[PDB]
Structures are given as C-alpha cells and as structure tokens.
Amino acid sequence: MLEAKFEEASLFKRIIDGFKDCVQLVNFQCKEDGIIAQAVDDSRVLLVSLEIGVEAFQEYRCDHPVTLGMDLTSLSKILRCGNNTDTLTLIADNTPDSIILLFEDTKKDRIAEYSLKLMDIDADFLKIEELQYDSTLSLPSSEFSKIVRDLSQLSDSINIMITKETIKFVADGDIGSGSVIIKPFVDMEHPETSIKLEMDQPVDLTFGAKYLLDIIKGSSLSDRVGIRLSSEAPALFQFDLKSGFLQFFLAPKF
Amino acid sequence: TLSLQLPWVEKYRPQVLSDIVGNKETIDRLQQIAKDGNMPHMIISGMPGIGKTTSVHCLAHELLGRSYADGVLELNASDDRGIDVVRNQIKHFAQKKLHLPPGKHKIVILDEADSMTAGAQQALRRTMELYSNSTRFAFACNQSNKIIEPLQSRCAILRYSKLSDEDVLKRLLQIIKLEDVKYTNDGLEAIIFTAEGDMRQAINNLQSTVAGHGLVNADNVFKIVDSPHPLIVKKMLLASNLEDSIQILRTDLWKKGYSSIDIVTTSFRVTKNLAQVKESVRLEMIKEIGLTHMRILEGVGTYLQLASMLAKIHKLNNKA
Amino acid sequence: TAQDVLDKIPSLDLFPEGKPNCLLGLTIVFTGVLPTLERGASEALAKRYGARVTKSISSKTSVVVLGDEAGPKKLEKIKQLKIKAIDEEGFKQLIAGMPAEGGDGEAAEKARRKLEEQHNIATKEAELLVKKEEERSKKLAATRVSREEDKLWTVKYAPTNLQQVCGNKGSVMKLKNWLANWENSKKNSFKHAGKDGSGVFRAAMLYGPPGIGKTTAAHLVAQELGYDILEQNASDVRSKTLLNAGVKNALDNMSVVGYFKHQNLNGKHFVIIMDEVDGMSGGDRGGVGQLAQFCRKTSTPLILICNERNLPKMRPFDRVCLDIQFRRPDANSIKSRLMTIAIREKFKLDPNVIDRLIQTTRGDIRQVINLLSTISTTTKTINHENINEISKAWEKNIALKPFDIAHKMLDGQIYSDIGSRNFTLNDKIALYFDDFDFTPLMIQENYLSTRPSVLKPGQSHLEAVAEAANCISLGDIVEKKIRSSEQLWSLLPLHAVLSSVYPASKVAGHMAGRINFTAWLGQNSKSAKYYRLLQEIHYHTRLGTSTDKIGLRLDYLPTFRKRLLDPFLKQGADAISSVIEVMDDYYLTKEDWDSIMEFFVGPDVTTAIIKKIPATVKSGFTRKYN
DNA sequence: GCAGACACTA
DNA sequence: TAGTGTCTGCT
DNA sequence: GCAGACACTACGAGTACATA
DNA sequence: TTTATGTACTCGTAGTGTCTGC
Ligand SMILES: Nc1ncnc2c1ncn2[C@@H]1O[C@H](COP(=O)(O)OP(=O)(O)OP(O)(O)=S)[C@@H](O)[C@H]1O
Ligand SMILES: Nc1ncnc2c1ncn2[C@@H]1O[C@H](COP(=O)(O)OP(=O)(O)OP(O)(O)=S)[C@@H](O)[C@H]1O
Ligand SMILES: [Mg+2]
Ligand SMILES: [Mg+2]
C-alpha cells in the first residue's frame, strides 16, 4: 500500500524532533494528496497540524487511504538509528499492524529495515476550519525563536502591543522583565528578513511559556513563520513547507 | 558433561484445559470462556501447586495460538515490575493495534501479582478501565489479599481449592501409564499423603521414587522423603502422657535433624490450626509456645527448652 | 388474605417446602438462635419466599421469629409493643400453610404491585437499548455500504445519562447543582455561597467505596452540561514538576478542540477530573499539596475523585472542597438494573437473589455485573440452589477499619463454642493483621469499657480485666522485642495473640459505651513535646545546677513556682524586678516562664492562677524584660 | 457501640 | 413534615 | 577546535513494608 | 505519628559522556 520514498531522512527527522516535544501520539493519515496528521497534547490546549505534499516524496504511491497512528517516542527511537545520506522509505501493508521504515545507503551494502508497531488512537475527524485572524505578523523563524526564548526567560508574562503602527514586545515576569523591543524587520538586502502585518485592529494577547517554547522548537523546517492572532478563533503559527504546510493551532489563555 | 532429561513436572504440564484436574466448575467456566472468547479480567488464587498459572497459559494458548507470541505479554516477578517499567510497557501493549478474531482480545498475564507495588496497581486500574476493549488482564497470585480493592472490583474472582485425593490419584495414574513404571497401591497412597494436595510435590516425589529405587512402594517412598513434620508435631502436642510427647519429640524431630526453631514455629502453626481442643486451651498453649519461641530466638536453642514447653503443655492439659 | 391466615397461627406468649413467593409482603426479624436452622440459614429460607428481612425491630414489624438469646434491646422491644411472635416450630408450618403470592393482605398486595412495577420498568427499558441497538446497526450498515456483543458488561451497560445511575441521587444532584452554578460563583468572586453552600467552594470532591459510580457520575455531569472533560489519573506521573508543567497552564486556558466543536456556552472550558487521588503516594514529592494550591487558585471548575478521604497522606484536603460523599446504594435500583440486564442477556435469575448478591459483594455494582457475566457462561440458572455456592465463592474479603476491628474483636459470640467454629483462630489473627499497627492500641483503649459475656463461672469482671491487662503487658514486651535492633518480625503472630486475641477473649461481650479511639497517641505526642520543653529549660538552667532533667521536674520546678508566681499572687506587680532577677539568674527567658507553668498537676495547677492575675500586672512584666 | 445523615413510606 | 432501614465516620 | 545540547549512569533523599 | 534494621522503590539531581554546530 503506502510506499512513501523520501529523498532523504533529514527533513522527516527534523519534523519529528520539532513536533515531538509537545504531542505524544500523532495520527498520520495517508492520502494521494500526501500525509495529514492532526495531534492534540495531553492538556487539550495545543494542536499540531501536518501537511506534506506528494512533491516532498521521491516516489510516493498510495492505493487506499489508510490510518497510521504511531507513537512519537518509539518513532524517535527508530529514527535515531538512521544516517543522513540514506533514503527513508515508509512502507505499509494491507490492514497494517506495523509500519515498515527502511534506510538505503549509498554504500550499497547497508539496508536497515525497522518495523514499528502501530498504536490504536481514537478516530477523530478533521476539525480544522478556515478562520480569519486579526493580527498576522511574520518574521524569520530563528529571530522569532530567539525573541520568544528571551520572552520565556521570565515565567509566564508575555505582551505584544501594536501602538503607533510599530511592533513592541514589552513582556514582564515574576522577577525581572523581558521587554525586548524589536526593530521593524525590513531589509531589501535579504528578502527572507522581512516583516508584514495585517492590521485589522490589533490590541494585545498573552500566551503560555511552554506553548510557544514548543512552537519554536520546529524552527528548522521553515526560514520564516507567519504568526497569526485572532480574537475568537484558535491562534496559528504556520510554517512553510516546500510541498505542504505546518501550522500549530493554539488557544490563547484567558 | 551430560545433558539432563526433562523433569516430569514440566514434561507433563497440561497444554489444554481438559487435561488439568481439580476444580471441575472453574475449569468448565474456563472452557466456556474459551468457546465464547469474551474473557473478562480475572484473578486466580489458591495455595501453590494446584494449577493456577498452567490454566492461564492453557486458556491463552487455546484462545489465540496463532498470536500467542504477538498479543500476549507475560510479565512476572522475575521480570522487573515497578511504576514506570509497568505503566509504559502495559500502556504500549494495550494501545498496540493488533488484529484478532472478533471474539479475541490481547491478554496481559500478571503472574505472581501479590508482590506488586500499590502504585503500580493504581496505574493498572486506569489501564484496565481505559483499554478493556482491546486488552484483558489475568492475575495469578497465591494470596489474593495483596491486590488492592479496586482491582478486585474490576475483575472476575476465580478461587482455586486444594485438590482432593481422587484428582491427584487420577493424574498420578495417567502419568504412570504414560511413563510405564511399576508401582504398588501402598506407595501411591503414600505419595498422595505426602503431597497434601500439591500436585507438583506429588510429581516430584513420584519421580524421585522412580529414579532412586524403581518401584513405587511405601518403603521406598518413606525412604526418600519423610512424613511431614506438621503431622508429627500435631501428634506430639495431642499425646496423652508427657513421656510419650517427650519421646516423640526426641526420636522423630531431634534425632531426625530438625532445627528447634522449626519445631517451635511448626508447633505454633499447628496450635493455631488445631481444632479438636477448646479455644482457651489453644490460646494458653500459643502463649506459652510463644514464650518458648522468644527464648529460642534470643539464642537459647536446646532440647531442654522444647522439653519444658511440652511439660507446660501437659501442665495446662491436665488442668493443674 | 395474609392477615387472616396469620391470625389462625397459634402465637407464643412467654422443615417442609412451600409455595413460591408465599411470604410476600411479610416482615421477618430474627432474634435468638433456632434449633433447626441457624440465623444465616434461616435468613436464606426467609428470603427464599420474597420476605423482607430487616435488621432492626420496629413498631410496624408484623412477625418476629424468636430464638434463645440475643441483644437485650430486642428483648425489651418485643414485649412492650405486643408484636406477633412465632417460634421456629410455627415457622415450619408457616411455609406450607401460606399460599403463593402472599394472599390478598394489604401489605402483601402493596408489595406485589411494587414488585410488578419493578418488573414493569425493567421491561420498559429492556427494549430501549434494543431499539437503540437496531438504530446503530442500521446506521453502521449504511456507513459501511456508503465492535459490539464482544465487550465487558460493565462497559456496554454503563449509564448513558444521569437517569440510568443506581443510588446516590442526592449526591449526583448536589454535584450537578454545584457545576451548573460555578459560573455564578465566579461572577460573585466566590465570596457568598447559596442555600446549599457550594458557591464558596471552587472545586468539588467525590469520595466513596469502589464500584458505586463516582467516575461515571462525574463524567456524565460534565458531558450533560456541555463542558470539555480534562482528566488525569495514575497512569501518568502527577508529581510536583509535571503538575507545574501540565495542568498549571490549563487553569485559565480553553480547549483548542472547543472552538472546532462548534448552541454551546460551556464547550470551551475545562473541568479537571483527577480520578484516583490516592495514587499520589508522596508526602513531599507527591502532588497533594500542589492540588491544594489549585484549590486555592483556579479559574475553571475542578473535580477530584478518590476512595478513602481520612488517610493522613490526604490530610491537606480537610476543608478545601465541596465534599460530596457517595455510599453503597440500596438494593432496589440495582435490582431493577439487573432485571433489565438479565432480560437483555437471555438468562434468568430470581429477583430475591439480587439482595444476596449485593450483600455478598458489599455494594459493588461493577463487581456484581462481573459476577453475572462470569456465572452466566455455564450456569444459566442463578436460583435458590446455586446462590450459596456463588456467595461463598465470590465473597469479598475487604480489610476492616480499626474501629470495626475493635468492635468485631470484642464480641462474646465469636469466643463461644458454636461461634468459634465459624470464626476460627486464624480468622482472628487475620483480623488483627488487617491493621496490626493500630489493633493492640484499640484493644487496650476499650477492653475495660465493655460488659463481658465470656466470664468464667465464679470469675468477676475485674479478674478478667486483670488477666487481659497482664497479657497486654506481655504483648507489649513482645512488641518491644519485635521493634528493636534484632528486628524479630517472625514473632508477629505471638504479638497478635498476646496483644489482641487473648485480652479480648477474656472481656468480650457487649460494649457499655462506644468504640473509643486510642488515647495513647495524643498523650504520647504531648509527653514527647513536654520532654522537649523540659530539656530546653533544663539546659537553659544547666549552669550552676547539679541536677539532671528528671530531678528538675520532680524537685526544682515546684520550687520555681513559688519564686516566680507567688510574688505575682501575694504582692502583684510590686515584685516585678525580683521575679526578673530570679529569672535572669538562671538564664531563663520569657518563653521558659510560660513553659514551666504547664508542668504541674493536681492541686498545683497554675492555669487558673495566671488567669486570675490582672492584665495590667502581667503587661508590665513582659515589657520590662524586653 | 454511638450517633448522624440519607432516603422510602406515611 | 414525621417513623424506620440502612450505610458511615469516631482519631 | 571549542561551547553548548543532549541523553546517559550514578548518587542521595524519602516513603513503605516487615506472616503466611 | 511513636517504634529501629534492612530491603525495595521512587524520585530528583549532579556529573559524565557524546553528538551538532561554526
Ligand atoms: N490440576 C492440575 N492438573 C494437572 N497438573 C497439575 C495440576 N495442578 C498442578 N499441576 C502440575 O503442577 C506443575 C506446576 O503447577 P503450577 O500450576 O505451575 O503451580 P501453580 O498453580 O502455579 O502454583 P504457584 O502458586 O504458581 S507455586 C505442573 O507439572 C502441572 O502439570
Ligand atoms: N450507580 C450505578 N448504576 C449503574 N451501573 C453502575 C453504577 N456504578 C457503577 N456502575 C457500573 O460500573 C461501571 C464502572 O463504574 P465506575 O464509575 O467506574 O466505578 P467507580 O465509582 O469509578 O469506582 P472506582 O473508580 O473503580 S474505585 C460502570 O460502567 C457501570 O457499568
Ligand atoms: Mg505459577
Ligand atoms: Mg474512578
């Protein structure tokens, strides 16, 4: 059935190492479009969305849509056994109890064929829905990650204010402050180091420390991330994938 | 070095639920569960050697022989059981997706579960509550009082009783025809008397008789293994004359190489389990026997202490 | 007419078969012992014909079966109310003489229609799930075109809604009223509660015996109101660190699935459901104090489910939450539910058997369903013949509490000739070993507060008390030997006998007062504290005093009272300097002054003397020292 | 054992 | 709103 | 090459049990 | 709760080593 030949293993390893920290049991859905995975953590506060297109696979082949719900601890343990130049290849049989993933080396001697048992995760339908967001600001993912880490040096107090049409991060905490004012991220020299805000009357929002701390751990996939804010809708931090997309839904604390 | 033949205990272990003898009602219930397949969580308890874990293994084998290797997790006291090494493994096994026949479920056999930590049982409570649709549990312990109350609530209690002489005799004759060994009825009754309901003890004693003498008679059986010391202690405590008890003690325990502490503990157990005499007499005997036990434990272990204990037993029995 | 037949029976003023369900609508109370059937066996035959067997004698009681000897309260109650009395000889002819259905008596007719109503409601709900089963099967067939009957009975027959629960209706409604009015208390800043008083309590608590439905009730109340259930348990760690890193951020955050599940007004909130609070087996590394901090500060409804509340481990939960107590439900609701289950499962059990099944299992409904599922595999007829074997095979050996252990141990029946055969010595040893850490203390506390019934001929009560005290002292010696450097823990059964079984077997009978908790723990703590203070003041006055701590209390301390309190009494504040001069001489502080006064007993108690001293006189003494 | 509260019935 | 039947904590 | 970044073993503190 | 060793368990922390990266 499923024969999803990746070109190599680094991107998949980065994806798993990114979203493995928050959720513990993801449910992959196999479709001709690609790989769809929606995961909710144990606190029911953060949601993880995976969309990987058929372009991101070398030779992808799916006959029937099969549900492959696997653990992330065991998947990480298996994927720590893989090199970088090897070609990861996900294989699933008919009505698969276990998913077979194998690495092919360019040395042409080494075939490491690990079979991973599949868990029985409850069948949850696609709860995703198109929503309009009040604030939509984007910056390079490394810059956002380091700024969020500086904000999270303090306990839980994060504040974003858009007064005077300029973005300031005046954060507080239990002892000390994290009021790191960021300059307007505009640079014609580097197109990736750019900023873009959709105003729609923004005021402020406060998140949790571990929430964005786990959001920023997936920074390896995309150069820049579009941070989205909505008043009555779950938040969105969508990373850009060459063949799909990766967004982390979140509910802002009240 | 020469290899060893398989012991008769494990060579003739039953593989189906029809070969196991003893509690007919419990085995019939197990066979009806076998036919239906919807096996509930069960706790199996009894004194050692009456067919507890072999019945669980036979039930699992007949339920899913093709998947015994895949969907049966046999954790036990030899394996490391704790809070995390149990919760992680059992949760992974219970959430594991394995395709059974419609009436079959994965079986988690917790053999020797009376030694488990209470927090492990607390986690097991929610494990069984959540994943009862896919996996089923099967405890097997000697003492069922160690298992916490909620687990016994969320389980089907199956109590095993010690086998009567008829069932042990039937199994002994079956194994004798299978092994083709000569025997005498007196030797077989001696083996049954020595076993005291334990089938494994009966098999061990029969094999020892066969391999040491060849003919299963009373003389050979009593040569290899002695009469149980609880019985000799019971008849020592119940004797009429003090001289009779003194000589029984000396000859049958002191000259047979029995430790004084063992004799005192056996006397305590017999007097606790003794029935013909009055309750207050047993309480007084236990009090003075415990005084003697304290004397033995402090270091004074001699024949004189046991003789004095017997003298006090008789001074209590003759009513001053 | 049952009443007409009962009048024809010759009463007393000091066994054959019968028609099925012939004692219907008849109340039976058993007192004394019967020559043919013992109390348990006669009660089985009393319930064999649908007769309610109450445990207490009443004015509305119809007939009482009289034996030989029982509690004096029953003997005085029967005589004054002139209740009908029939001996065991009349019981045998009662079975044959009474026709089926209990006749047309007023009590019998009322019992039958209630029993028919119980069967009627059983049949009404029997096809409710059957119609539902046909509904889901048709829906499942359509989905397949465009697993059941292999499930645990405790799961498929789970309460669909709050109306399907059995018992604890008041507790369930209390929880529902607390949950539905949590937002109202949130608006009022948890200051003033309502008539029930649940408004001030931010979080509710559920505690009760296993199998009665705490988890199901909490989940159903959460689901009905539309809340999102956030549940934790013992399967995952709940120590301080991951509690701070887990649900701590969920106190004021909503469901990400809550937005995507939507009219619902409570669909985007959390109801924290911590089942098995007893699994936090940690005094410091455990999360019990952390959960207390959540009870202090939480912006969302929170619910706890445990089994026993009174453990010292769970002490910080004393006055924290709306304590909702569940209990063993009465046999009628379980009777109706089991009738529904039996109708739906095509196996039949007699309706009177359900009472014995509940009595055997001690009000554990889930274990009752497990018993039914296990028995129904091969034994399809649960009736009068199999009930005894089923009960003695599935009896639940629940460990007893210390008070129940003391009450059971000081009974004169179990040390009688007939009583001890049923309750052997090993049973008493196990009864001790249930709570061996507390049992000797509970025996010693109230072994002389009971009226003995096992007195030997010519032996007074005081002699039995003396023998019991001697054996308690011997058991104390054995206990000291056990808990010492040698650690002779193989000697435990001897201590069991000497400290609980022998002392009780001499003074057993009926308690004159009530089962009292041991006073040795509190007095021991007080003595340890007083020893600590004695050491502190002794080493404060160590210089210049050639006397140890024992001689300080016996000799020195009575003299200090008449140098440090009598000037306050005979001349008041005029001797403020002299008292301070003596107090400063022995390096005594102000704290030591109050400590010395509490060491006195009898006629030298200074608590009243200091109280009578005017506050103006005492105020100056403190200020001058400072 | 001594209350003490929760029900069913009156 | 008031009699029983029965489960439950007393430290 | 050097400084983190990680997962790993090891040590220490605390709780609980000790006859069927 | 006291109880006085020894065992077993659980957790938390501190070092200890190795792998990524620049
Ligand atoms: N009822 C029985 N029928 C046949 N063989 C039996 C029976 N009971 C015990 N045996 C034999 O006893 C041996 C081992 O018995 P087990 O069932 O392993 O003992 P057990 O019941 O597990 O007791 P413990 O508590 O585990 S020591 C095997 O050789 C079995 O064949
Ligand atoms: N009041 C009740 N009425 C009907 N069925 C019940 C009732 N209480 C329990 N049950 C049955 O028992 C099953 C499990 O009950 P639970 O609510 O899990 O017991 P519990 O109160 O949680 O006790 P624990 O948590 O095991 S100590 C349910 O699915 C029902 O089948
Ligand atoms: Mg075994
Ligand atoms: Mg529960």
# chains A, B, ... in the order shown; residues from 1 in each chain; ligands from 1
call {"tool": "residues_near_ligand", "arguments": {"ligand": "ligand 1", "cutoff": "10 Å", "atoms": "only C-alpha atoms (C1' of nucleotides) and all ligand atoms", "output": "PyMOL selection string"}}
result
chain B and resi 7-15+17-24+27+44-57+111-112+140-143+160-163+167-168+170-172+175+197-204
call {"tool": "write_last_selection", "arguments": {"atoms": "C-alpha atoms", "output": "mmCIF file, in the first residue's frame"}}
result
data_model
loop_
_atom_site.group_PDB
_atom_site.id
_atom_site.type_symbol
_atom_site.label_atom_id
_atom_site.label_comp_id
_atom_site.auth_asym_id
_atom_site.auth_seq_id
_atom_site.Cartn_x
_atom_site.Cartn_y
_atom_site.Cartn_z
ATOM 1 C CA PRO B 7 11.573 -33.240 34.733
ATOM 2 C CA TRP B 8 8.174 -34.909 34.948
ATOM 3 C CA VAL B 9 6.720 -31.667 36.347
ATOM 4 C CA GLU B 10 7.326 -29.751 33.113
ATOM 5 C CA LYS B 11 7.221 -32.706 30.708
ATOM 6 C CA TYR B 12 3.601 -33.477 31.652
ATOM 7 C CA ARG B 13 2.361 -29.916 32.093
ATOM 8 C CA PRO B 14 -1.139 -29.725 30.555
ATOM 9 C CA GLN B 15 -1.473 -27.908 27.239
ATOM 10 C CA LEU B 17 -7.958 -27.245 29.681
ATOM 11 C CA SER B 18 -9.236 -30.838 29.616
ATOM 12 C CA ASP B 19 -6.026 -32.394 30.974
ATOM 13 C CA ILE B 20 -5.981 -30.199 34.094
ATOM 14 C CA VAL B 21 -7.751 -31.844 37.033
ATOM 15 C CA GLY B 22 -9.238 -30.419 40.202
ATOM 16 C CA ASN B 23 -11.913 -27.724 40.422
ATOM 17 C CA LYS B 24 -14.376 -29.020 37.836
ATOM 18 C CA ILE B 27 -12.309 -25.430 34.603
ATOM 19 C CA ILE B 44 -6.820 -16.660 40.216
ATOM 20 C CA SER B 45 -5.818 -17.536 43.771
ATOM 21 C CA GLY B 46 -5.072 -20.602 45.846
ATOM 22 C CA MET B 47 -2.348 -22.499 47.592
ATOM 23 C CA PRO B 48 0.719 -23.360 45.476
ATOM 24 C CA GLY B 49 0.705 -26.332 43.132
ATOM 25 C CA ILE B 50 -2.997 -26.675 42.267
ATOM 26 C CA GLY B 51 -2.870 -25.499 38.659
ATOM 27 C CA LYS B 52 -3.125 -21.713 38.692
ATOM 28 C CA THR B 53 -0.643 -20.472 36.088
ATOM 29 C CA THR B 54 -0.924 -23.530 33.834
ATOM 30 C CA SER B 55 -4.665 -22.898 33.495
ATOM 31 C CA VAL B 56 -3.981 -19.278 32.497
ATOM 32 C CA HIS B 57 -1.377 -20.363 29.947
ATOM 33 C CA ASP B 111 1.723 -13.991 37.096
ATOM 34 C CA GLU B 112 2.697 -13.720 40.782
ATOM 35 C CA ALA B 140 -2.492 -15.165 39.339
ATOM 36 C CA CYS B 141 -1.380 -14.887 42.968
ATOM 37 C CA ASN B 142 -1.068 -17.150 45.989
ATOM 38 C CA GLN B 143 -2.579 -14.592 48.397
ATOM 39 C CA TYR B 160 -8.881 -22.424 43.394
ATOM 40 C CA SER B 161 -9.202 -25.093 46.082
ATOM 41 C CA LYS B 162 -6.706 -27.779 47.026
ATOM 42 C CA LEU B 163 -7.266 -30.983 45.085
ATOM 43 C CA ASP B 167 -7.935 -35.983 41.372
ATOM 44 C CA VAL B 168 -4.256 -36.237 42.325
ATOM 45 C CA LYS B 170 -6.150 -39.825 38.695
ATOM 46 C CA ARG B 171 -3.359 -37.589 37.401
ATOM 47 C CA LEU B 172 -0.751 -39.853 39.016
ATOM 48 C CA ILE B 175 1.326 -40.099 34.253
ATOM 49 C CA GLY B 197 -2.998 -31.653 47.724
ATOM 50 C CA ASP B 198 0.076 -30.275 45.934
ATOM 51 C CA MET B 199 0.281 -31.887 42.500
ATOM 52 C CA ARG B 200 3.820 -30.644 41.828
ATOM 53 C CA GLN B 201 5.034 -32.147 45.109
ATOM 54 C CA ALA B 202 3.368 -35.446 44.186
ATOM 55 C CA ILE B 203 5.063 -35.461 40.772
ATOM 56 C CA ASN B 204 8.450 -34.607 42.298
#
call {"tool": "residues_around", "arguments": {"residues": "residue G:9", "least_positions_apart": "4", "cutoff": "9 Å", "atoms": "only C-alpha atoms (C1' of nucleotides)", "output": "PyMOL selection string"}}
result
(chain B and resi 82-83+117) or (chain F and resi 15-16)
call {"tool": "residues_near_ligand", "arguments": {"ligand": "ligand 4", "cutoff": "10 Å", "atoms": "only C-alpha atoms (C1' of nucleotides) and all ligand atoms", "output": "number ranges by chain"}}
result
B: 125-126, 129, 150; C: 206-219, 233, 273-277, 304-307
call {"tool": "residues_around", "arguments": {"residues": "residue B:110", "least_positions_apart": "3", "cutoff": "10 Å", "atoms": "only C-alpha atoms (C1' of nucleotides)", "output": "PyMOL selection string"}}
result
chain B and resi 43+53+73-77+81+107+113-114+116+137-141
call {"tool": "residues_around", "arguments": {"residues": "residue C:156", "least_positions_apart": "4", "cutoff": "12 Å", "atoms": "only C-alpha atoms (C1' of nucleotides)", "output": "list in words"}}
result
residues 132 and 133 of chain B; 129, 133, 147, 148, 149, 150, 151, 152, 160, 341, 344, 345, 366 and 369 of chain C
